[PDB]
file model_28.cif (mmCIF, C-alpha atoms)
data_coords
loop_
_atom_site.label_atom_id
_atom_site.label_comp_id
_atom_site.auth_asym_id
_atom_site.auth_seq_id
_atom_site.Cartn_x
_atom_site.Cartn_y
_atom_site.Cartn_z
CA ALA A 3 -50.48 -27.87 8.90
CA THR A 4 -50.14 -24.49 10.58
CA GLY A 5 -53.80 -25.00 11.24
CA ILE A 6 -54.33 -21.26 10.92
CA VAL A 7 -57.73 -20.43 9.48
CA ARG A 8 -58.56 -17.10 7.88
CA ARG A 9 -61.71 -15.94 6.12
CA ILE A 10 -61.77 -14.55 2.61
CA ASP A 11 -63.26 -11.06 2.47
CA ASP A 12 -65.46 -9.18 0.04
CA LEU A 13 -62.95 -8.67 -2.79
CA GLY A 14 -61.54 -12.18 -2.47
CA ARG A 15 -58.72 -11.11 -0.16
CA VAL A 16 -57.31 -13.56 2.35
CA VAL A 17 -54.71 -12.37 4.83
CA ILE A 18 -51.52 -14.42 4.93
CA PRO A 19 -50.64 -14.63 8.64
CA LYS A 20 -47.57 -12.62 9.65
CA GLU A 21 -45.90 -15.80 10.90
CA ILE A 22 -45.98 -17.14 7.34
CA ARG A 23 -44.92 -13.85 5.78
CA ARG A 24 -41.78 -13.89 7.91
CA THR A 25 -40.70 -17.52 7.56
CA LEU A 26 -41.09 -16.83 3.83
CA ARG A 27 -39.92 -13.21 3.87
CA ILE A 28 -42.90 -11.96 1.88
CA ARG A 29 -43.00 -8.17 2.14
CA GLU A 30 -45.76 -5.74 1.22
CA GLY A 31 -45.97 -5.48 -2.56
CA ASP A 32 -44.28 -8.81 -3.22
CA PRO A 33 -45.82 -10.65 -6.20
CA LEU A 34 -47.14 -14.16 -5.57
CA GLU A 35 -47.98 -16.67 -8.26
CA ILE A 36 -51.23 -18.60 -7.85
CA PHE A 37 -51.89 -22.23 -8.74
CA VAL A 38 -54.83 -24.57 -8.34
CA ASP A 39 -53.75 -28.07 -7.34
CA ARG A 40 -55.33 -31.30 -8.56
CA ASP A 41 -56.67 -31.76 -5.03
CA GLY A 42 -58.31 -28.38 -5.57
CA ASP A 43 -55.83 -26.57 -3.31
CA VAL A 44 -54.85 -22.99 -3.87
CA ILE A 45 -51.08 -22.60 -3.95
CA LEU A 46 -49.19 -19.39 -3.31
CA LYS A 47 -45.48 -19.00 -3.99
CA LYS A 48 -43.12 -16.03 -4.17
CA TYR A 49 -42.79 -14.86 -7.75
CA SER A 50 -39.21 -13.99 -8.66
CA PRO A 51 -39.09 -12.22 -12.02
CA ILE A 52 -35.34 -11.84 -11.90
CA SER A 53 -34.72 -15.46 -11.00
CA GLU A 54 -36.68 -17.40 -13.56
CA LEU A 55 -34.96 -14.85 -15.73
CA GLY A 56 -32.58 -17.74 -15.18
CA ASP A 57 -30.03 -17.08 -17.84
CA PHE A 58 -30.28 -13.44 -18.71
CA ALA A 59 -28.58 -12.99 -15.40
CA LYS A 60 -25.95 -15.64 -16.04
CA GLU A 61 -25.14 -14.43 -19.56
CA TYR A 62 -25.24 -10.78 -18.44
CA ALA A 63 -22.96 -11.37 -15.46
CA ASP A 64 -20.58 -13.31 -17.69
CA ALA A 65 -20.34 -10.46 -20.20
CA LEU A 66 -19.78 -7.86 -17.48
CA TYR A 67 -16.94 -10.01 -16.25
CA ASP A 68 -15.36 -10.59 -19.66
CA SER A 69 -15.53 -6.85 -20.17
CA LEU A 70 -14.53 -5.40 -16.79
CA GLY A 71 -12.81 -8.30 -15.06
CA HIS A 72 -14.44 -7.67 -11.69
CA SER A 73 -16.69 -10.03 -9.75
CA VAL A 74 -20.34 -9.71 -10.68
CA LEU A 75 -23.38 -10.71 -8.66
CA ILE A 76 -27.03 -10.54 -9.61
CA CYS A 77 -29.72 -11.14 -7.03
CA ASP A 78 -33.47 -11.25 -6.91
CA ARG A 79 -35.12 -10.05 -3.74
CA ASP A 80 -33.78 -13.01 -1.77
CA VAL A 81 -30.67 -14.76 -3.12
CA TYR A 82 -27.88 -14.43 -5.67
CA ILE A 83 -29.04 -15.96 -8.93
CA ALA A 84 -25.88 -15.35 -11.00
CA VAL A 85 -22.19 -15.16 -10.16
CA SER A 86 -19.20 -14.39 -12.40
CA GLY A 87 -15.60 -13.62 -11.54
CA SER A 88 -16.01 -14.90 -8.01
CA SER A 89 -16.79 -18.46 -7.08
CA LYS A 90 -20.34 -19.77 -7.44
CA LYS A 91 -20.13 -21.90 -4.29
CA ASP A 92 -19.60 -18.72 -2.31
CA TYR A 93 -22.57 -16.75 -3.58
CA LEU A 94 -24.98 -18.72 -5.75
CA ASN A 95 -28.34 -19.25 -4.01
CA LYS A 96 -27.10 -17.51 -0.87
CA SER A 97 -29.14 -14.94 1.07
CA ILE A 98 -28.35 -11.35 0.25
CA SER A 99 -27.08 -9.06 3.01
CA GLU A 100 -29.13 -6.34 4.71
CA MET A 101 -27.05 -3.71 2.92
CA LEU A 102 -28.32 -5.20 -0.35
CA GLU A 103 -31.96 -5.11 0.77
CA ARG A 104 -31.78 -1.45 1.80
CA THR A 105 -29.84 -0.43 -1.30
CA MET A 106 -32.60 -2.07 -3.34
CA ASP A 107 -35.31 -0.37 -1.30
CA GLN A 108 -33.41 2.90 -1.61
CA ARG A 109 -33.88 2.22 -5.34
CA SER A 110 -30.84 4.34 -6.16
CA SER A 111 -27.54 2.96 -7.48
CA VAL A 112 -24.49 3.24 -5.26
CA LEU A 113 -20.72 3.39 -5.70
CA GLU A 114 -18.45 2.75 -2.74
CA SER A 115 -14.87 3.23 -3.93
CA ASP A 116 -13.65 3.15 -0.33
CA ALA A 117 -14.68 1.84 3.09
CA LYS A 118 -14.00 -1.91 3.39
CA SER A 119 -15.64 -4.67 5.47
CA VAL A 120 -18.91 -5.24 3.60
CA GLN A 121 -21.52 -8.02 3.60
CA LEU A 122 -22.76 -9.42 0.30
CA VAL A 123 -24.08 -12.63 1.79
CA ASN A 124 -26.15 -12.40 4.93
CA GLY A 125 -23.80 -12.59 7.90
CA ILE A 126 -20.52 -12.86 5.99
CA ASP A 127 -18.24 -9.86 6.30
CA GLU A 128 -15.88 -9.52 3.38
CA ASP A 129 -12.68 -7.76 2.62
CA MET A 130 -13.52 -5.34 -0.15
CA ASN A 131 -11.76 -2.51 -1.93
CA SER A 132 -14.85 -1.15 -3.64
CA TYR A 133 -18.17 -2.18 -5.12
CA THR A 134 -21.13 -0.69 -6.95
CA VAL A 135 -24.77 -1.71 -6.85
CA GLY A 136 -27.52 -1.14 -9.36
CA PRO A 137 -31.00 -1.99 -8.05
CA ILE A 138 -33.24 -3.58 -10.67
CA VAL A 139 -36.49 -1.62 -10.40
CA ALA A 140 -39.29 -2.83 -12.70
CA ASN A 141 -42.57 -0.95 -12.43
CA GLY A 142 -41.23 1.15 -9.56
CA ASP A 143 -40.64 -2.09 -7.67
CA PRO A 144 -37.11 -3.34 -6.74
CA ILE A 145 -36.99 -6.98 -7.87
CA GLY A 146 -33.27 -7.63 -7.67
CA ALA A 147 -29.89 -5.99 -7.99
CA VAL A 148 -26.69 -6.08 -9.96
CA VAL A 149 -23.42 -5.98 -8.03
CA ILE A 150 -19.90 -5.41 -9.35
CA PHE A 151 -17.09 -5.66 -6.76
CA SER A 152 -13.32 -5.82 -6.39
CA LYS A 153 -11.15 -7.01 -3.51
CA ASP A 154 -8.23 -4.92 -4.76
CA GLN A 155 -9.36 -2.40 -7.39
CA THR A 156 -11.40 0.80 -7.19
CA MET A 157 -14.76 1.18 -8.93
CA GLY A 158 -15.42 4.30 -10.99
CA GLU A 159 -17.93 5.76 -13.43
CA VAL A 160 -17.08 2.88 -15.75
CA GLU A 161 -18.43 0.20 -13.40
CA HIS A 162 -21.01 2.55 -11.92
CA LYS A 163 -22.50 3.22 -15.37
CA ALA A 164 -22.23 -0.51 -16.07
CA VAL A 165 -24.49 -1.55 -13.18
CA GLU A 166 -26.92 1.17 -14.17
CA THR A 167 -27.02 -0.11 -17.73
CA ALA A 168 -27.38 -3.68 -16.48
CA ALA A 169 -30.14 -2.86 -13.98
CA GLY A 170 -32.02 -0.83 -16.59
CA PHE A 171 -31.79 -3.49 -19.29
CA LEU A 172 -32.76 -6.28 -16.90
CA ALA A 173 -35.61 -4.19 -15.45
CA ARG A 174 -37.10 -3.61 -18.92
CA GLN A 175 -37.15 -7.35 -19.48
CA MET A 176 -39.54 -7.64 -16.52
CA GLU A 177 -42.18 -5.33 -17.97
CA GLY B 5 -49.53 -18.15 -13.89
CA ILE B 6 -51.58 -15.45 -12.21
CA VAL B 7 -49.46 -13.11 -10.11
CA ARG B 8 -50.89 -10.92 -7.34
CA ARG B 9 -49.10 -8.65 -4.87
CA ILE B 10 -49.52 -8.93 -1.12
CA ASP B 11 -50.73 -5.66 0.41
CA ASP B 12 -50.06 -3.82 3.64
CA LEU B 13 -51.89 -6.12 6.07
CA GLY B 14 -50.63 -9.28 4.34
CA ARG B 15 -53.71 -9.62 2.15
CA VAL B 16 -53.43 -11.28 -1.22
CA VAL B 17 -56.43 -11.37 -3.50
CA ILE B 18 -57.41 -14.80 -4.78
CA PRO B 19 -58.40 -14.21 -8.41
CA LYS B 20 -62.12 -14.55 -9.15
CA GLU B 21 -61.39 -17.35 -11.63
CA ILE B 22 -60.00 -19.44 -8.76
CA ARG B 23 -62.77 -18.49 -6.36
CA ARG B 24 -65.32 -19.85 -8.82
CA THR B 25 -63.66 -23.10 -9.90
CA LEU B 26 -63.36 -23.69 -6.13
CA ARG B 27 -66.63 -22.03 -5.13
CA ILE B 28 -65.03 -19.92 -2.42
CA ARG B 29 -67.50 -17.25 -1.34
CA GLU B 30 -66.98 -14.15 0.76
CA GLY B 31 -66.51 -15.16 4.39
CA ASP B 32 -65.45 -18.72 3.62
CA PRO B 33 -62.76 -19.99 6.01
CA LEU B 34 -59.53 -21.20 4.43
CA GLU B 35 -56.90 -23.28 6.19
CA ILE B 36 -53.27 -22.26 5.64
CA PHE B 37 -50.26 -24.56 5.30
CA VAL B 38 -46.59 -24.03 4.57
CA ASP B 39 -44.94 -26.75 2.44
CA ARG B 40 -41.42 -28.13 1.89
CA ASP B 41 -40.77 -25.94 -1.14
CA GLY B 42 -41.96 -22.94 0.87
CA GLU B 43 -45.34 -22.78 -0.81
CA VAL B 44 -48.40 -21.58 1.06
CA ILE B 45 -51.43 -23.83 0.71
CA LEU B 46 -55.04 -22.73 1.19
CA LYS B 47 -57.90 -25.18 1.40
CA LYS B 48 -61.56 -24.81 2.19
CA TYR B 49 -61.70 -25.62 5.90
CA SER B 50 -64.16 -28.28 7.05
CA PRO B 51 -61.81 -30.04 6.59
CA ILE B 52 -61.05 -33.25 4.70
CA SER B 53 -63.42 -36.03 3.65
CA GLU B 54 -66.88 -37.04 4.87
CA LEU B 55 -69.25 -39.87 3.98
CA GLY B 56 -71.37 -38.65 1.10
CA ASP B 57 -68.57 -37.64 -1.23
CA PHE B 58 -69.04 -40.90 -2.92
CA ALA B 59 -72.16 -42.42 -1.51
CA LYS B 60 -74.33 -41.29 -4.43
CA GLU B 61 -71.89 -42.51 -7.07
CA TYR B 62 -71.23 -45.74 -5.18
CA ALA B 63 -74.91 -46.52 -4.62
CA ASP B 64 -75.57 -45.80 -8.31
CA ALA B 65 -72.87 -48.23 -9.44
CA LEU B 66 -74.11 -50.92 -7.08
CA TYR B 67 -77.51 -50.51 -8.63
CA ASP B 68 -76.35 -50.53 -12.26
CA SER B 69 -74.43 -53.67 -11.41
CA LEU B 70 -76.80 -55.68 -9.20
CA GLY B 71 -80.16 -54.05 -9.87
CA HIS B 72 -81.26 -54.08 -6.25
CA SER B 73 -82.16 -51.06 -4.13
CA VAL B 74 -79.17 -49.55 -2.37
CA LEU B 75 -79.13 -47.31 0.67
CA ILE B 76 -76.17 -45.67 2.36
CA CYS B 77 -76.56 -44.01 5.76
CA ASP B 78 -74.36 -42.14 8.14
CA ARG B 79 -75.08 -42.58 11.83
CA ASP B 80 -78.43 -40.78 11.55
CA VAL B 81 -80.07 -40.66 8.11
CA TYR B 82 -79.90 -42.13 4.61
CA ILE B 83 -77.54 -40.00 2.55
CA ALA B 84 -77.80 -41.89 -0.76
CA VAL B 85 -80.52 -43.91 -2.44
CA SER B 86 -80.51 -45.85 -5.72
CA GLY B 87 -82.97 -48.32 -7.16
CA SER B 88 -85.67 -47.27 -4.73
CA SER B 89 -87.23 -43.84 -4.63
CA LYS B 90 -85.29 -41.00 -2.99
CA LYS B 91 -88.45 -39.42 -1.47
CA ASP B 92 -88.88 -42.63 0.53
CA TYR B 93 -85.46 -42.81 2.09
CA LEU B 94 -83.31 -39.75 1.50
CA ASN B 95 -82.64 -37.81 4.72
CA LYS B 96 -84.90 -40.15 6.71
CA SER B 97 -83.98 -41.56 10.13
CA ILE B 98 -82.45 -45.02 10.08
CA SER B 99 -84.22 -47.83 11.94
CA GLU B 100 -83.10 -49.34 15.23
CA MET B 101 -82.09 -52.52 13.39
CA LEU B 102 -79.65 -50.38 11.40
CA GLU B 103 -78.17 -48.76 14.51
CA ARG B 104 -77.56 -52.12 16.21
CA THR B 105 -76.22 -53.73 13.05
CA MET B 106 -73.76 -50.82 12.85
CA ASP B 107 -72.85 -51.14 16.54
CA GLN B 108 -72.52 -54.90 16.05
CA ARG B 109 -69.93 -53.81 13.47
CA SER B 110 -70.37 -57.06 11.56
CA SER B 111 -72.00 -57.36 8.11
CA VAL B 112 -75.30 -59.22 7.87
CA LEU B 113 -77.22 -61.15 5.22
CA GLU B 114 -80.91 -61.90 5.73
CA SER B 115 -81.87 -63.88 2.63
CA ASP B 116 -85.10 -64.95 4.26
CA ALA B 117 -86.73 -61.85 5.70
CA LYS B 118 -90.44 -61.16 5.42
CA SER B 119 -90.22 -57.76 7.05
CA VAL B 120 -87.62 -55.19 8.02
CA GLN B 121 -87.50 -51.66 9.32
CA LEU B 122 -85.07 -49.57 7.31
CA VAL B 123 -86.58 -46.30 8.39
CA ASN B 124 -87.32 -45.78 12.05
CA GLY B 125 -90.86 -47.00 12.68
CA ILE B 126 -91.67 -48.15 9.16
CA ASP B 127 -92.08 -51.89 8.75
CA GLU B 128 -91.50 -52.99 5.21
CA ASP B 129 -92.22 -56.00 3.12
CA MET B 130 -88.85 -57.47 2.28
CA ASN B 131 -87.59 -60.64 0.61
CA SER B 132 -83.99 -60.22 1.67
CA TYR B 133 -81.35 -57.62 2.40
CA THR B 134 -77.68 -57.40 3.34
CA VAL B 135 -75.94 -54.77 5.44
CA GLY B 136 -72.30 -53.76 5.48
CA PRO B 137 -71.39 -51.50 8.41
CA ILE B 138 -68.86 -48.80 7.52
CA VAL B 139 -66.27 -49.01 10.29
CA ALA B 140 -63.46 -46.45 10.05
CA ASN B 141 -60.88 -46.57 12.82
CA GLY B 142 -62.80 -49.29 14.63
CA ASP B 143 -65.74 -46.90 14.77
CA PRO B 144 -69.05 -47.53 12.88
CA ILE B 145 -69.82 -44.29 11.01
CA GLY B 146 -72.50 -45.48 8.62
CA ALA B 147 -73.74 -48.48 6.69
CA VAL B 148 -74.37 -49.76 3.18
CA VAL B 149 -77.67 -51.53 2.57
CA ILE B 150 -78.75 -53.57 -0.44
CA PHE B 151 -82.29 -54.93 -0.41
CA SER B 152 -84.94 -56.60 -2.54
CA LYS B 153 -88.70 -56.83 -2.12
CA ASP B 154 -88.82 -59.94 -4.32
CA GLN B 155 -85.34 -61.42 -4.86
CA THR B 156 -82.93 -63.26 -2.57
CA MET B 157 -79.52 -61.88 -1.63
CA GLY B 158 -76.48 -64.14 -1.84
CA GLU B 159 -72.69 -64.01 -1.66
CA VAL B 160 -72.80 -61.68 -4.68
CA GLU B 161 -74.60 -58.89 -2.81
CA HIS B 162 -73.09 -59.85 0.52
CA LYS B 163 -69.57 -59.45 -0.87
CA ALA B 164 -70.75 -56.26 -2.57
CA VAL B 165 -71.72 -54.51 0.68
CA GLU B 166 -68.47 -55.67 2.24
CA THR B 167 -66.48 -54.20 -0.61
CA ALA B 168 -68.52 -51.00 -0.46
CA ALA B 169 -68.24 -50.64 3.34
CA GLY B 170 -64.49 -51.31 3.20
CA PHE B 171 -63.81 -48.87 0.39
CA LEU B 172 -65.98 -46.15 1.96
CA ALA B 173 -64.40 -46.78 5.37
CA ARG B 174 -60.88 -46.28 3.96
CA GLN B 175 -61.96 -42.92 2.57
CA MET B 176 -62.62 -41.79 6.13
CA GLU B 177 -59.09 -42.42 7.40
#

call {"tool": "encode", "arguments": {"input": "model_28.cif", "output": "structure tokens"}}
result
Amino acid sequence: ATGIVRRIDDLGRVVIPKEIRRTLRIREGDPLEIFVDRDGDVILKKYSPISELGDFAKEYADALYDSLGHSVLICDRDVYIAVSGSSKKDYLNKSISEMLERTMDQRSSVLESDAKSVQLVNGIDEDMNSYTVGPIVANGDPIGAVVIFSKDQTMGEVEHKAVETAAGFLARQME
Amino acid sequence: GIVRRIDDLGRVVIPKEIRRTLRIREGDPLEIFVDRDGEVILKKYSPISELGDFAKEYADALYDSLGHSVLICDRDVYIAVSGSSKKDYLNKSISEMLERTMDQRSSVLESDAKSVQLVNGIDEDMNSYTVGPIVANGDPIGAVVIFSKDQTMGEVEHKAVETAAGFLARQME
């Protein structure tokens, strides 16, 4: 019980208090799934396309790894939902870094082949040779990202194109 | 499986389907909760349960079962009537006898009445009646009344008001 009361407006819009939207990191545009509970409740929960995608991500990340041999992360808007190459305990279900959020917002794919000391997981700085990120934008809306990285090899067009292909394929799925 | 986006201003639209199956009208106040799983919960704010969610159905059952007249009151009026006529009792002010019986907190059985006021100021012919005060959290919040203008009440009906008062009480806790 937050015991916050709001009225529903003409148009059936209720405002979710900013407190809530922060403790749940719901940003403008975020999709929420609605349920009615037995008790008659209305239920709102973040809707993560990319995450209930469940195993596209896993299978995709696995293939990228078999093919390129680099570490591969796929995230929704909040956590990493698939990990290959690197260790799952390190990344799976962990909060993405701020760099990831902005890259996703920036909507454009990136390739850093130099400049080490990056954060993939919120608050953890990591040794890194190079990485590339392909934001997964479905319906103009960033809903996740694909990350390929290497702690001792340089990324090039090969891996850069690969995240673009992955992001594009995955995006299409969510449409 | 209906998805809606939250807008600038943190407003999500509750689909019209929902707003109908829950009869939420423009302006209605909704209480917000956050849950374990990080779900937001909205519920029509009053909140929670109140005597009368049940009274009708309960009084009806008591009548189908025992065939006597059944009244249920809150602290002021009769909120459910079965057996007898609704026009006679529904929304009418309880008698002083009812108020004191409720205060007295204890259930009563008058199997040898000749009269009784159920409604404030109206004396009524009565064979017998039994009253079960509805005490929730040690506090009388209503009563269940079974009465008969020509039959005697016994353990059957006496137990019945006790069961009804106890069940209804629990609801309000």

call {"tool": "resolve_selection", "arguments": {"input": "model_28.cif", "expression": "the PyMOL selection byres ((chain A) within 8 of (chain B))", "output": "VMD selection string"}}
result
chain A and resid 3 to 20 22 to 23 26 28 to 38 42 to 49

call {"tool": "resolve_selection", "arguments": {"input": "model_28.cif", "expression": "the PyMOL selection byres ((chain B and resi 54) around 12)", "output": "list in words"}}
result
residues 50, 51, 52, 53, 55, 56, 57, 58, 59, 77, 78, 83, 140, 145, 146, 172, 173, 174, 175, 176 and 177 of chain B

call {"tool": "write_last_selection", "arguments": {"input": "model_28.cif", "atoms": "C-alpha atoms", "output": "JSON list (two decimals), keeping the file's coordinate frame"}}
result
[["chain", "number", "residue", "atom", "x", "y", "z"],
["B", 50, "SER", "CA", -64.16, -28.28, 7.05],
["B", 51, "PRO", "CA", -61.81, -30.04, 6.59],
["B", 52, "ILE", "CA", -61.05, -33.25, 4.70],
["B", 53, "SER", "CA", -63.42, -36.03, 3.65],
["B", 55, "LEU", "CA", -69.25, -39.87, 3.98],
["B", 56, "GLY", "CA", -71.37, -38.65, 1.10],
["B", 57, "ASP", "CA", -68.57, -37.64, -1.23],
["B", 58, "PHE", "CA", -69.04, -40.90, -2.92],
["B", 59, "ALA", "CA", -72.16, -42.42, -1.51],
["B", 77, "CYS", "CA", -76.56, -44.01, 5.76],
["B", 78, "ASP", "CA", -74.36, -42.14, 8.14],
["B", 83, "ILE", "CA", -77.54, -40.00, 2.55],
["B", 140, "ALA", "CA", -63.46, -46.45, 10.05],
["B", 145, "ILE", "CA", -69.82, -44.29, 11.01],
["B", 146, "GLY", "CA", -72.50, -45.48, 8.62],
["B", 172, "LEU", "CA", -65.98, -46.15, 1.96],
["B", 173, "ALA", "CA", -64.40, -46.78, 5.37],
["B", 174, "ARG", "CA", -60.88, -46.28, 3.96],
["B", 175, "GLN", "CA", -61.96, -42.92, 2.57],
["B", 176, "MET", "CA", -62.62, -41.79, 6.13],
["B", 177, "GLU", "CA", -59.09, -42.42, 7.40]]

call {"tool": "resolve_selection", "arguments": {"input": "model_28.cif", "expression": "the PyMOL selection byres ((chain A and resi 135) around 6)", "output": "count of residues only"}}
result
6

call {"tool": "closest_residue", "arguments": {"input": "model_28.cif", "among": "A:63, A:78, A:171, A:107", "to": "residue 90 in chain A", "atoms": "all atoms listed in the file"}}
result
A:63

call {"tool": "atom_distance", "arguments": {"input": "model_28.cif", "atom1": "CA of residue 160 in chain A", "atom2": "CA of residue 67 in chain A"}}
result
12.9 Å

call {"tool": "closest_residue", "arguments": {"input": "model_28.cif", "among": "B:84, B:76, B:130, B:112", "to": "residue 166 in chain B", "atoms": "all atoms listed in the file"}}
result
B:112

call {"tool": "atom_distance", "arguments": {"input": "model_28.cif", "atom1": "CA of residue 155 in chain B", "atom2": "CA of residue 98 in chain B"}}
result
22.4 Å

call {"tool": "atom_distance", "arguments": {"input": "model_28.cif", "atom1": "CA of residue 168 in chain A", "atom2": "CA of residue 94 in chain A"}}
result
18.6 Å

call {"tool": "residues_around", "arguments": {"input": "model_28.cif", "residues": "range 121-129 of chain A", "least_positions_apart": "2", "cutoff": "12 Å", "atoms": "all atoms listed in the file", "output": "ChimeraX atom specification"}}
result
/A:73-77,80-82,85,91-103,105,116-119,131-135,147-155

call {"tool": "closest_residue", "arguments": {"input": "model_28.cif", "among": "A:83, A:113, A:65, A:52", "to": "residue 169 in chain A", "atoms": "all atoms listed in the file"}}
result
A:52

call {"tool": "residues_around", "arguments": {"input": "model_28.cif", "residues": "residue 85 in chain B", "least_positions_apart": "2", "cutoff": "6 Å", "atoms": "only C-alpha atoms", "output": "PDB file with C-alpha atoms, in the coordinates of the input"}}
result
ATOM      1  CA  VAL B  74     -79.170 -49.550  -2.370  1.00  0.00           C
ATOM      2  CA  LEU B  75     -79.130 -47.310   0.670  1.00  0.00           C
ATOM      3  CA  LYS B  90     -85.290 -41.000  -2.990  1.00  0.00           C
TER       4      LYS B  90
END

call {"tool": "closest_residue", "arguments": {"input": "model_28.cif", "among": "B:115, B:86, B:124, B:134", "to": "residue 149 in chain B", "atoms": "all atoms listed in the file"}}
result
B:134

call {"tool": "residues_around", "arguments": {"input": "model_28.cif", "residues": "residue 114 in chain B", "least_positions_apart": "5", "cutoff": "8 Å", "atoms": "all atoms listed in the file", "output": "MDAnalysis selection string"}}
result
chainID B and resid 132:134 157

call {"tool": "residues_around", "arguments": {"input": "model_28.cif", "residues": "residue 126 in chain B", "least_positions_apart": "5", "cutoff": "12 Å", "atoms": "all atoms listed in the file", "output": "ChimeraX atom specification"}}
result
/B:92-93,96-101,119-121

call {"tool": "decode", "arguments": {"input": "model_28.cif", "residues": "range 78-132 of chain B", "atoms": "C-alpha atoms", "output": "CSV table (one decimal), in the first residue's frame"}}
result
chain,number,residue,atom,x,y,z
B,78,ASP,CA,-26.0,-1.6,9.8
B,79,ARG,CA,-25.8,0.8,12.7
B,80,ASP,CA,-28.6,3.0,11.3
B,81,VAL,CA,-31.0,1.3,8.8
B,82,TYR,CA,-32.1,-2.1,7.4
B,83,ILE,CA,-29.9,-2.8,4.4
B,84,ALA,CA,-31.4,-6.2,3.5
B,85,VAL,CA,-34.8,-7.7,3.7
B,86,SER,CA,-36.1,-11.2,2.8
B,87,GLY,CA,-39.4,-12.9,3.6
B,88,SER,CA,-41.1,-9.7,4.6
B,89,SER,CA,-41.7,-6.8,2.2
B,90,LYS,CA,-38.8,-4.5,1.3
B,91,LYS,CA,-41.0,-1.4,1.3
B,92,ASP,CA,-41.6,-2.0,4.9
B,93,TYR,CA,-38.1,-2.3,6.2
B,94,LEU,CA,-35.5,-1.4,3.5
B,95,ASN,CA,-33.6,1.8,4.4
B,96,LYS,CA,-35.8,2.4,7.5
B,97,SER,CA,-34.4,3.4,10.9
B,98,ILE,CA,-33.8,0.6,13.3
B,99,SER,CA,-35.6,0.6,16.6
B,100,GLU,CA,-34.1,1.5,20.0
B,101,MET,CA,-34.4,-2.2,21.0
B,102,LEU,CA,-32.1,-3.0,18.0
B,103,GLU,CA,-29.5,-0.4,19.0
B,104,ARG,CA,-29.3,-1.6,22.6
B,105,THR,CA,-29.2,-5.3,21.6
B,106,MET,CA,-26.3,-4.3,19.3
B,107,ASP,CA,-24.6,-2.4,22.1
B,108,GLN,CA,-25.3,-5.3,24.5
B,109,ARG,CA,-23.3,-7.2,21.9
B,110,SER,CA,-24.9,-10.5,22.9
B,111,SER,CA,-27.4,-12.4,20.7
B,112,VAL,CA,-31.0,-12.7,21.9
B,113,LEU,CA,-33.9,-15.0,21.4
B,114,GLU,CA,-37.4,-13.9,22.3
B,115,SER,CA,-39.6,-17.0,21.6
B,116,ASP,CA,-42.5,-15.5,23.5
B,117,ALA,CA,-42.9,-11.9,22.3
B,118,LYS,CA,-46.3,-10.3,21.6
B,119,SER,CA,-44.9,-7.1,20.3
B,120,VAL,CA,-41.6,-5.7,19.2
B,121,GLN,CA,-40.3,-2.5,17.5
B,122,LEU,CA,-38.0,-3.3,14.6
B,123,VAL,CA,-38.4,0.1,13.1
B,124,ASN,CA,-38.0,3.1,15.2
B,125,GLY,CA,-41.5,4.0,16.6
B,126,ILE,CA,-43.4,1.1,14.9
B,127,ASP,CA,-44.8,-1.5,17.3
B,128,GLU,CA,-45.4,-4.8,15.6
B,129,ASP,CA,-47.3,-7.9,16.4
B,130,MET,CA,-44.7,-10.6,16.8
B,131,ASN,CA,-44.7,-14.2,17.9
B,132,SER,CA,-41.0,-14.5,18.3
